[PDB]
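Asker: Here we go, the starting part of the complex in its complex frame:
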Amino acid sequence: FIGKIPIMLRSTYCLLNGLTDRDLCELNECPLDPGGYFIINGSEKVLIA
Amino acid sequence: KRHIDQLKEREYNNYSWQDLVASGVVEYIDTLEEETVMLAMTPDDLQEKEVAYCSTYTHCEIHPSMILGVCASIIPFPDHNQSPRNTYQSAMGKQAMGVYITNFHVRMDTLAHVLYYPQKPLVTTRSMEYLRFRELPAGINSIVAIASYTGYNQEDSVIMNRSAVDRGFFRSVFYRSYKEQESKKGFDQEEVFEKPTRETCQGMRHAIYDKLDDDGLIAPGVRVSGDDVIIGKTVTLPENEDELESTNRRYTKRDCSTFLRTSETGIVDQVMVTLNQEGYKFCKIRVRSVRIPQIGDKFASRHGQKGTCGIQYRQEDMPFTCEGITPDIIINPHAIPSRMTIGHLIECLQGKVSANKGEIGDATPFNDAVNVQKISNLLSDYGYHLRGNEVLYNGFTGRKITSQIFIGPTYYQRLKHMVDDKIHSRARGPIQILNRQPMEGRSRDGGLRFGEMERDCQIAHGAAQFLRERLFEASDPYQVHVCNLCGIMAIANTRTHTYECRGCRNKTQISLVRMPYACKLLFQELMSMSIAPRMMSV
Amino acid sequence: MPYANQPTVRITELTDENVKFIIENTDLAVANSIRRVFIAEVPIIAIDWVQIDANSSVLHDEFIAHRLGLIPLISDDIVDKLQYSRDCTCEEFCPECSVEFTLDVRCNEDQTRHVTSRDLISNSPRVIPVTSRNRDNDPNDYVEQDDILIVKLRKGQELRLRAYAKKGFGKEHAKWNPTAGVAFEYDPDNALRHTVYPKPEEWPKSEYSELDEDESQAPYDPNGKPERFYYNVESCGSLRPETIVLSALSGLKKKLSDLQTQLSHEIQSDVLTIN
Amino acid sequence: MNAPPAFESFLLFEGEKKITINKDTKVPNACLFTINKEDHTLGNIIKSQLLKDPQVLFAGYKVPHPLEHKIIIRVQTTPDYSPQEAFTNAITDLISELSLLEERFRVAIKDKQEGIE
Amino acid sequence: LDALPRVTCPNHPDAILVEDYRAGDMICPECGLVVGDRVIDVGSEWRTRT
Amino acid sequence: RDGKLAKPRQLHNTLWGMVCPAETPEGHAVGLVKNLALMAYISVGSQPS
């Protein structure tokens, strides 16, 4: 074990990426919330280009 | 055109955009490649040979709107509007209040503003569908009449219908989520969530824990205000140094119970308890509050014409049409031409006819639709003045107004500018004895700033005594005793008997001076540097 | 006074939802003011007290409560009979100044259940309740006369609440306004030239213009005076429009009589004498 | 709210009075009356009602502020004719006309229990 | 002037000295009170090689 | 940062179709702050070998 890597939302590893909207609402997730930004200590974080 | 049919086939079966990429009828292009390519503006006109100054075109734009960003894409016909207004809209669009997702209930952000009755734009750009804007609108298309009225709409404001406010005009919920954690405060010292009584604890200053539950937390649905204790917890400190009887029920139970800042009022929305990576037990509570439009609150048009509510009137007081239609908003005419925002009129003109048509118009800046006359000709067809101008009856005398009025629907923004959060005042309260300056600000009930330039004006004013009241009396007042033998401030001063100036053996020749306390501190600071400044009237 | 208008009256058309009529021989100030009376002045009953006992639905109580306001209660039971709760010197409220309402719903069914005004009942003595298949044992319903869908409930959602309807009028809040937009017209030919109408062809003709139908682009008279006001009252459903007008007419008279009594009181309270 | 309740627009406080009566201190047979919790809506017909009277030398009114609920009326009539009578005459005439308007309305509505055709 | 702690007045020995954080004032109710001094409020200051 | 003064912000013409010209804050960061075009895309890097 080398570490715990923070992952971008809607990543390939964000397993929710395959789930339907219906699945996402089943998860209480927003289907129009694609993410693409990390969640750090429960806070949403976006990289600026 | 058959490839389009393939794109149509994709809705059911398959025909990927990548296949379209694989089709090689379109390619993806960088700026270096752009330097060499002969780009075309449009498929139609450029293929013409009759006036072919060039025909060496190599590639063509999908659509000129593709230059546009998320914000610019929202406002129709930006080219009929002054260019910066769009940048102002692009910023102000970001400033607007609105919905943002679907599951607001699971969400418990520190701050949120959501509209009761949002509306998709009566005039829309097709791309906004891809922006899912019609799914998540952030304003409504209100029907507005352009008129100066009483001048209360002058300079970046508007008069609005109070009676419309009664129907639920732009009313919104405000949600604030509070979070609070329990944790150690030393080897033994720690916070302890509870509902302490006034005699079983200290540090309670004066506030009561009635709202609390035995757990120390307020119940969900409870009415709240900006003073009471929102979360109850207390921390005993020495456990042994208190010893022997100065017991009391308060013991060493020092208060650390969380209370609400002296401003907010409302009802408890939600309460959630859990634990984190730190492991410490913590709770999160959401508080619901309601935002209603009020005089002075900031609002905005979709065309970057922001304005505050200058005032609100009942529907009866408002001037009205042949039907008696009172507009939702009364905007000052003059604000448009100076800014040259013709597009603002086009939303209204397109919106008017679309409403009459009962059908949505596209808001793409580039068309062959001939929006000027054809719409105007069409506006005449629904049985209206072809230019949109219409006579209205007086709200008070009922008489027909001398001028004719351009009236119609328009997408409007409620901006993130709670004026009641912007106000701030104080006459007396907590200070900062370290400098004797007022508290930092409103969230600590502080005084208001005084700047170098107000001083500069005040000198230019010549009213030294008001500055003196302001610099001394309204901020930093002090009394000092000095030895007559030396301008050095040295006294022991039995503040009920003797004064004396040690080192000078002064016994009676004491004198009193008025200076700022912060200034005396600076002077003491000079003495710490071994400087002995002194001062006399002689 | 030696002379006054005869306030000519003519009624053109009436329904339970609207009334169209023409008033003549009267001042324009009277026409607008009475028009202002039609909206604000008419007293009505509306909910002022709501307790929500339970709500497992998605919406928050205050949303529904605002909606409870938005409910168009019919006023066809002389709602004026109830004393004002303020003046009724009763502990906050009473049946002499309040009606009571209660709503309890639970979605045990798996499919989405819809909630309606019918789920809300007048616990107080059956003064005519919300307009939802109560007036209409009439084979003339709109489609169902389910007038308002309160909310929808997926399986598992519940709603328990109580309400108090109280006396009020449009000026207090629009929810107490028993009227929608009020139609009004005088002098379509613009003989008074209250506005220019440049190129009258750019101005389509009004239905009243038709009577003075004309192809002379707008006849003119400098000596003219506002006359033949055309009315069409649009009731919101809360009451029959003509009946709204009478209550409006009665109220304005009463409003004036009290001022005269006060005017007598001004001269009584004063040292002035008149006779 | 940092603003008064809606009933305060028309409802008077126990220390308030609906109207206040003052004599003019500038010209003879004139007075200025102040009406509280009221608007131009009342004001305009009464001005007109007084204007209809030829015995009136002067009549006029205004709110002190639109946000405020109060009006003031200045009136001057012939030296033999008091401004109080003009206001009294104007209101009694106006109320009377309203009653007939109502009665003709009643006659007009009543005049079609079925249909006019 | 050592009798500070939390209770004294010139007319009576104070029995109670409430701290009004809101206005940042010290009040002694049973006579009228302004024992003076709000030190900057602890209820304002309750959010705070070898 | 590196390379300052006599350089400023205005606009470059190649930005056409690359960035929305209107999409910028009205603060001092104006023009200093840019925003992605509607259909612009970014190279991820590959091996030409």
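Answerer: Received the coordinates, thanks. Numbers count the residues shown, from 1 in each chain, chains lettered A, B, ... in the order given.

Asker: what's across from the residue lying closest to residue E:33 once chain neighbours are set aside in the sheet?
Answerer: Spatial nearest neighbour of residue E:33, excluding adjacent residues (C-beta to C-beta, 6 or more residues apart in numbering or on different chains): residue E:27 at 4.7 Å. Heads up, the C-betas are built off the backbone N, CA and C, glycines and all. Note on residue E:27: beta-bridge partners by DSSP bridges are residue E:18.

Asker: Would you enumerate the residues in contact with residue E:27?
Answerer: Residues counted as contacts of residue E:27 (C-beta atoms under 8 Å, 6 or more residues apart in numbering or on different chains) are E:17-18, E:20, E:33-35.

Asker: can you do 6 Å?
Answerer: Contact partners of residue E:27, counting by C-beta atoms under 6 Å, 6 or more residues apart in numbering or on different chains, are E:18, E:20, E:33.

Asker: quick one: the residue in chain E positioned nearest to chain D from residue B:197, how far?
Answerer: In chain E, the residue that lies nearest chain D is residue E:22 (17.4 Å; C-beta to the nearest C-beta). Distance of residue E:22 to residue B:197, given as C-beta to C-beta, to the nearest Å: 22 Å.

Asker: Residue C:178 too?
Answerer: Using C-beta to C-beta, residue C:178 is found at 54 Å from residue B:197.

Asker: who has more neighbours, the two?
Answerer: residue C:178 (27 against 12; other C-beta atoms under 10 Å in any protein chain shown).

Asker: The more buried one contacts residue C:238, doesn't it?
Answerer: Yes. Between residue C:178 and residue C:238 there is a contact at 4.1 Å, judged by C-beta atoms under 6 Å.

Asker: Show me which residues of the stretch 351-500 of chain B sit near chain E.
Answerer: The stretch 351-500 of chain B comes close to chain E at residues B:429-433, B:444, as judged by C-beta under 6 Å from any C-beta of the partner chain.

Asker: following sequence is chain G, place it on the structure:
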Amino acid sequence: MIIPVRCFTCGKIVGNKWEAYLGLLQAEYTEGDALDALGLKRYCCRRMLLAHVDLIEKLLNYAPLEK
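Answerer: Below, chain G sits with the chains from the block before:
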């Protein structure tokens, strides 16, 4: 969202004519005929309904709206 009764511009009720409209749409793909059938002869009322949108069903789409 959740069709507010009474058109803000006038006051025309529509507390059940949304679904009826939606019914009208399923029955007739003519908004004009739908809009007309509803009785919204005024376009202010038409704008009310035409520009209305109801996401609640998506909110309903969730399962967990149980607690």
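
Asker: Check the contacts of residue E:27 one more time with chain G there.
Answerer: Residue E:27 touches E:18, E:20, E:33, counting by C-beta under 6 Å, 6+ apart.

Asker: The first one contacts residue B:204, correct?
Answerer: No. Distance between residue E:18 and residue B:204: 10.5 Å, which falls outside the contact criterion (C-beta under 6 Å).

Asker: out of these two, which sits in the busier spot?
Answerer: Neighbour count, other C-beta under 10 Å: between residue E:18 and residue B:204, residue B:204 has more, with 24 against 13.

Asker: Skip the chain neighbours and tell me the closest residue to the more buried one.
Answerer: Spatial nearest neighbour of residue B:204, excluding adjacent residues (C-beta to C-beta, 6+ apart): residue B:255 at 5.1 Å.

Asker: for that neighbour, what are its contacts?
Answerer: Neighbours of residue B:255 in contact, by C-beta under 6 Å, 6+ apart: B:201, B:203-204, B:234.

Asker: The residue nearest the centre of chain A in helix, strand or coil?
Answerer: Nearest residue to the geometric centre of chain A (C-alpha atoms, centre = their mean): residue A:9, 2.5 Å. Here residue A:9 is coil, with the state taken from DSSP: H, G, I helix; E, B strand; the rest coil.

Asker: List the residues that contact it.
Answerer: Residue A:9 neighbours (C-beta under 6 Å, 6+ apart): A:35-36.

Asker: What backbone torsions are found at residue B:176?
Answerer: phi -130, psi 140 (degrees, to the nearest 10).

Asker: which residues sit in contact with it?
Answerer: Per C-beta under 6 Å, 6+ apart, neighbours of residue B:176: B:111, B:287.

Asker: packing partners for the helix ranked longest in chain D?
Answerer: For chain D, the helix with the greatest residue count under DSSP state H is helix D:83-110. Where contact means 3 or more C-beta pairs under 6 Å, 6 or more residues apart in numbering or on different chains; DSSP states H and E, helix D:83-110 is packed against strand C:9-14, helix C:241-269, helix D:40-52, strand D:70-77.

Asker: then add chain H to what we have above:
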Amino acid sequence: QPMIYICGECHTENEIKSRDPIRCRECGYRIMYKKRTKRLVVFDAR
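Answerer: One more chain to add, chain H, which I have set with the ones above:
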């Protein structure tokens, strides 16, 4: 007060006056919910 914890995920009241470490029966999750207030609450229809 019988109130005091309606777990989030099992969606069930724990319901006691306890200083337990925010635990929950069957459902090991710590996410807790607190019952609606047992108080008189007036609402206006404005």
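
Asker: same question on the contacts of residue E:27, but now with chain H added
Answerer: The contact partners of residue E:27, by C-beta under 6 Å, 6+ apart, come to E:18, E:20, E:33.

Asker: Relative to residue B:211, how far out is residue B:273?
Answerer: Taking C-beta to C-beta, one finds residue B:273 at 17 Å from residue B:211.

Asker: Sorry, wrong one. I was asking about residue E:45.
Answerer: 23 Å.

Asker: quick one: the strands in the stretch 101-250 of chain B?
Answerer: B:112-115, B:123-124, B:139-146, B:157-161, B:172-181, B:223-224, B:229-231, B:234-235 (DSSP state E, counting those that start in this stretch).

Asker: want to throw those into JSON lines with distance to residue C:209?
Answerer: Listed next are the strands of the stretch 101-250 of chain B as JSON lines, based on distance: least, C-beta to C-beta, whole Å:
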{"stretch": "strand B:112-115", "distance to residue C:209": "41"}
{"stretch": "strand B:123-124", "distance to residue C:209": "31"}
{"stretch": "strand B:139-146", "distance to residue C:209": "22"}
{"stretch": "strand B:157-161", "distance to residue C:209": "28"}
{"stretch": "strand B:172-181", "distance to residue C:209": "43"}
{"stretch": "strand B:223-224", "distance to residue C:209": "58"}
{"stretch": "strand B:229-231", "distance to residue C:209": "65"}
{"stretch": "strand B:234-235", "distance to residue C:209": "80"}
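
Asker: Among the ones you listed, which comes closest to chain H?
Answerer: strand B:223-224 (7.3 Å).

Asker: Distance from the chain centre to that closest one, please.
Answerer: Put simply, strand B:223-224 sits 24 Å off its chain's centre (C-alpha atoms, centre = their mean, to the nearest Å).

Asker: Could you list every helix and strand that that strand packs against?
Answerer: The contact analysis (3+ C-beta pairs under 6 Å, 6+ apart) places strand B:223-224 against strand B:266-275.

Asker: Only the buried residues of the helix or strand that comes right after the strand it packs on, if you could.
Answerer: Next helix or strand after strand B:266-275 toward the C-terminus (DSSP states H and E): strand B:281-291. For strand B:281-291, a neighbour-count test (16 or more other C-beta atoms under 10 Å in any protein chain shown) marks B:281-289, B:291 as buried.
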